[PDB]
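Listed below, chain by chain, are the residues.
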There are 4 protein chains.
Amino acid sequence: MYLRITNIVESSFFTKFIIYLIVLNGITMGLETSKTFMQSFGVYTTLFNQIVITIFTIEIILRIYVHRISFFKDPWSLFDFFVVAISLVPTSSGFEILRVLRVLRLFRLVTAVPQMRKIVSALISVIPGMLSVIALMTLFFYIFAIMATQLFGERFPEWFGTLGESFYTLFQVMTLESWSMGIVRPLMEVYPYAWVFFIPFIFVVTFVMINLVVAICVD
Amino acid sequence: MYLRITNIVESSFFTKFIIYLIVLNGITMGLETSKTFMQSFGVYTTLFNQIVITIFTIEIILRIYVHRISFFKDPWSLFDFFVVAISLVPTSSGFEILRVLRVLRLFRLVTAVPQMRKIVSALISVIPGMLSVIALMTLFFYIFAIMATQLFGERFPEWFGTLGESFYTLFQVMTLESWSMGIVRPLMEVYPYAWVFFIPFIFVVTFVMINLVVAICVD
Amino acid sequence: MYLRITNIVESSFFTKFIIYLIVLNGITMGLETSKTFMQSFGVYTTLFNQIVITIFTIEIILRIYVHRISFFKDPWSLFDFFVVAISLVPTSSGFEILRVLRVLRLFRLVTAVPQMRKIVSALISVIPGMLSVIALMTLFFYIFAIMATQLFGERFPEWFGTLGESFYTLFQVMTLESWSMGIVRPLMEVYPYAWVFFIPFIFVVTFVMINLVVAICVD
Amino acid sequence: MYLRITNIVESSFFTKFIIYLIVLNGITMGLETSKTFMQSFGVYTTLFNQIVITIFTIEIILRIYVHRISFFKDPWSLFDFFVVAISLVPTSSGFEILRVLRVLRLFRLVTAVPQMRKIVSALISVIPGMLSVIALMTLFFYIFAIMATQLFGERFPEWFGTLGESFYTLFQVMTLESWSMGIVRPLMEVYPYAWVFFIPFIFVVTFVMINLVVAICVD
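Listed as the method for this PDB entry is X-ray crystallography; the listed resolution is 2.8 Å.

1. Here we look at the relation of the copies chain A and chain B
Taken as rigid bodies, chain A and chain B are interconverted by a rotation of 90° and an axial shift of 0.0 Å, the fit giving an RMSD of 0.2 Å. The two molecules are tied by a four-fold rotation axis, judged by turn and shift. Interface residue correspondence from chain A to chain B reaches only 9%, placing this contact among heterologous pairings that use different surfaces.

2. A short note on the interface of chain C and chain B
Listed by partner, the interface residues are 33 residues for chain C and 35 residues for chain B. When the two sides are added together, the surface that chain C and chain B hide from each other amounts to roughly 2900 Å², 77% of it contributed by carbon and sulfur. Of all residues in chain C, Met181(C), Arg185(C) and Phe207(C) give up the largest surface area on contact with chain B, accounting jointly for 20% of the area buried on that side. Connecting chain C to chain B are zero salt bridges. Here chain C and chain B share 10 residue pairs in polar contact between them. Residue assignment for the side of chain C that touches chain B shows that the elements contributing at least two residues are α9 (131-152), α12 (179-188) and α13 (195-216) of chain C. With 14 residues, α9(C) is the single largest residue contributor to the side of chain C that touches chain B.

3. With respect to the interface of chain A and chain B
Every contact between the two is made by 35 residues of chain A and, on the other side, 35 residues of chain B. Here chain A and chain B share an interface that buries about 2900 Å² over both sides, 78% of which is from carbon and sulfur atoms. Across the chain A-chain B interface, the total number found is zero salt bridges. Where chain A touches chain B, the interface holds nine residue pairs in polar contact.

4. Considering the pattern of salt bridges
Note on pairing: side chains with opposite charge can pair once their charged atoms come close. Counted by the stated rule, this structure contains 18 salt bridges over all chains. In this structure, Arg108(A) engages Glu59(A) in a salt bridge whose closest nitrogen and oxygen atoms are separated by 2.0 Å. With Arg108(A) in helix α7 (residues 108-111) and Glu59(A) in helix α4 (residues 42-67), this residue pair connects regions lying 49 residues apart in the sequence. Overall, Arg108(A) belongs to the buried group, its relative accessible area being 3%. Residue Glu59(D) is joined to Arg63(D) by a salt bridge in which the shortest nitrogen-to-oxygen separation is 3.5 Å. Remark: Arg63(D) and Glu59(D) occur in helix α3 (residues 42-65); sequence separation between them is four residues, near one turn of the helix. The pair formed by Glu59(D) and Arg63(D) is uniform in burial state, with each residue classed as buried. Put simply, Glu59(A), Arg63(A), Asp80(A) and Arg108(A) are held in one network by salt bridges that share partners.

5. Points about the arrangement of the chains
Over all C-alpha pairs, chain A and chain C never come within contact, reaching a minimum spacing of 10 Å. Between chain B and chain D there is no contact; the minimum C-alpha to C-alpha separation amounts to 10 Å.

6. Side note on the nonpolar core
If you look at the biggest cluster of nonpolar residues, it comprises 219 residues, and the most contacted ones within it are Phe198(A), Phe198(B), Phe198(C) and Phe198(D). Setting aside residues up to four positions removed in sequence, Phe198(D) forms contacts with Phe152(D), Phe160(D), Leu170(D), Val173(D), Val184(D) and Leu187(D).

7. Some details on the packing of aromatic side chains
Counted by the stated rule, this structure contains 104 aromatic pairs over all chains. Look at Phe156(D) and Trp159(D): their rings are 5.7 Å apart centre to centre, the planes differ by 5°, and that puts the pair in the stacked class.

8. So, the environment of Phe207(C)
Residues and elements named next belong to chain C. Among the structural elements, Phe207 can be located in helix α13. A residue is classified by how much of its surface remains accessible, and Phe207, at 15% relative accessible area, is buried. C-alpha of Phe207 to C-alpha of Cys217: the two residues are 10 residues apart in sequence and 15 Å apart in space.

9. Observations regarding the relation of the copies chain C and chain B
Structural alignment of chain C on chain B gives an RMSD of 0.2 Å, achieved by rotating through 90° and translating 0.0 Å along the axis. An asymmetric contact is evident, with only 6% of the interface residues of chain C recurring at the interface of chain B.

10. A look at the layout of surface pockets
Looking at the second largest pocket, its volume works out to about 1600 Å³. As for the second largest pocket, its lining consists of 45 residues, and the residues nearest its centre are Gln150(A), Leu151(A), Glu96(D), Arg99(D) and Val100(D). Mapped by element, the contributors of at least two residues to the lining of the second largest pocket are α9 (131-152) and α13 (195-216) of chain A together with α3, α4 (75-88) and α5 (97-101) of chain D. For the lining of the second largest pocket, the leading source of residues is α9(A), giving seven residues. Its residues assigned to classes, the lining of the second largest pocket shows 24 nonpolar, 14 polar and seven charged.

Here is what the cut-offs are and how they apply
- Residues numbered from 1 in each chain as written, not as in the entry; some residues may be left out.
- Chains lettered and ligands numbered in written order.
- Heavy atoms only, no water.
- Least-squares fit on C-alpha atoms.
- Contact = heavy atoms within 4.5 Å.
- Buried area = accessible area lost by both parts, 1.4 Å probe.
- Salt bridge = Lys/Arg side-chain N within 4 Å of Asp/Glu carboxyl O.
- Polar contact = N/O pair within 3.5 Å; in protein donor to acceptor, adjacent residues only side chain to side chain.
- Helix = DSSP H or I, 4+ residues; strand = E, 2+ residues; numbered from the N terminus.
- Buried < 20%, exposed > 50% of the residue type's maximum accessible area, 1.4 Å probe, protein only.
- Core = buried A, V, L, I, M, F, W, Y, C linked by side-chain atoms within 4.5 Å.
- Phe/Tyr/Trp six-rings, centres within 6.5 Å; stacked < 30°, edge-to-face > 60°.
- 1 Å grid on protein atoms, 1.4 Å probe; cavity = no way out; pocket = protein on both sides within 12 Å on 5 of 7 lines; lining within 4 Å.
- Points joined across faces, edges and corners; volume = space filled by probe spheres on them.
- Nonpolar A, V, L, I, M, F, W, Y, C, P; charged D, E, K, R; others polar.

Put into structure tokens, the structure is as follows:
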């Protein structure tokens, strides 16, 4: 039966059918949003869901037999696996995080469709030639995070009272949002020289990002 | 008589004339802005308009006789057509949107005048070589927008209570405007881990944007 | 005496002497800032000023004889002229704008010093290959400015009540500062669809700027 | 004994060891952050430090015997030296800045480990090819900063009352943070034409930045 199924799986109809449901479940997912819709076509959409997740567990299985090991060696397939799976976990139990993560299946439309793969693949290909800098950067953030926690965490618990808060705050400063009016001016009301810690931080971080762009925009 | 008019339309004078009015009606639109001016040279400006729109329909007509099918197949002429059409719709009836959309006729100056066309043209040419990425992003937004609606729409109606509500908010976060002080810090007061949803969102959406720039910078 | 002076003007000492005063007047200009300093070395700096402006009117004259017409054909010289001049206008009369514009002389350090000229020159050289786009852009701003004035100027006098206010506000939106939390969200409290006017405006304006960078970053 | 130690220092083990401690002291610094951890494994962490600093001076010494002059001529070694020196200064005395600056020893990991060096190196290499522009800008800031101080420092002490006050503010405006709502709109309530000072400032400073990026992107 191998080749029998293998001709179904590898068939055009198959894919087109899968891509069709993606877009359907996709559209249906946006109505599941409407408080109203849920009172009318409420159940219809609920059943349509269990159906789709079924059809997808089938599809994902059939695909495995037809590919065996090569499947759990395919980035794109693994995704579909670890996404249909999350959608399988009981509607109840634990937390509803998983219940929300289900919408992650609409990402399957990147899988099932060529071109999308190209871009995604094209985008991701660059990540490697960035890790050297990213590492540097993280180290930087880590060092300043620590310094900031022990410099302003006392009188500014909210933004620097913790190693992790400082991280968050420094990332904000990196995106340059409300960094002056919201963080550094207030800070300076107690530590006149705080500007000596942030302006430099902004330069380094800014500079690095600028180069990182140059790289990707050349290398 | 064809060639007769075809020598009028196709002439230099003709174009130069149309361009003269554009820049004239243009200067007029900016005065029609002033409350004061409308109390003095008020009507002078009102009639002047009904005149231009006429002269512009005549012109648009003449051009169609001189081009027949070719006219309704030229982007630039089409624009000129639509823009004149709008301006034609009665000052009254329906909503005043149209009444405002009239000022779109000053975009006519991009049409009538070469060079502008070149730049506009040079710009639009890049668009198609982005669509693959623009689609990816849009899918992305749709997915996270749906997630956000069901993750914070209950306690934060204004920013995520609706699917479109969330789209707007997320776009804001993408432009990085007040993203931390304005939206994420406040959100975290109820959902400590919301930073797990937005920081990653910020990275992905930023990365893409950076790449996109590169593409256009190079490709 | 021509060659006599011409050898002084063209002399090394001359320039070095001029560049020396620039830096001196420059340094002295930053102390003229201090409320305190003005009570101590107050007059000293005041006289030192009249002296420098003298020495500079001399220098500027000597330079003219040695160059005649070629002088008022030299961008760099013209500057020095139209800057030493402003500094000549009476400390009183009219308004103190001119009294502040005097600090513009420290710009002479870009003049008197090679290398600086290179960069400046290098920077300015690009402006030309940007005017096509800049023109387009301005037209755009003008069109939207007008539309906005007649769309929100009524209930939002501060930000759109005038053609010029709208300009200012739109530039702000272009820099993306407080555009959402400060302008569009408030706006939407009265005009639910305002987002249909600004998001597009942001895209066009953003896109254009992105290209303009590509150009300068290639052309 | 020279070669003896020269084989210790120059050895693999040696380096790997130093690197092991870096990452160790590093992890320690982040715990020394926690108020809780300091109440439990408190001293364990305190002694651990005084140990590393020792081992690091020994190491820094050994390296100097093995390199003599070459040591105080290598950027990376110099850094390592200075960073250890700081860490050496008594926990007490003077201000606790030093006490915090100690965490700068985690930058040691950029030194000890190759690759990091490469990136850091690759980054710093670009710096010199910017100085001409960096100087221009700095001159610019100085000039406008002086102007702003005497144009708004009286009615706006917090942002322009001082020469350095104005520097900070202007830098803020350059990063474009809250520049309109935060500073210029408020300023305009007293000085209607202040937009004439800032918009141009924004353009010039932006242009430069854009070019600079280009330079580094290409040159």
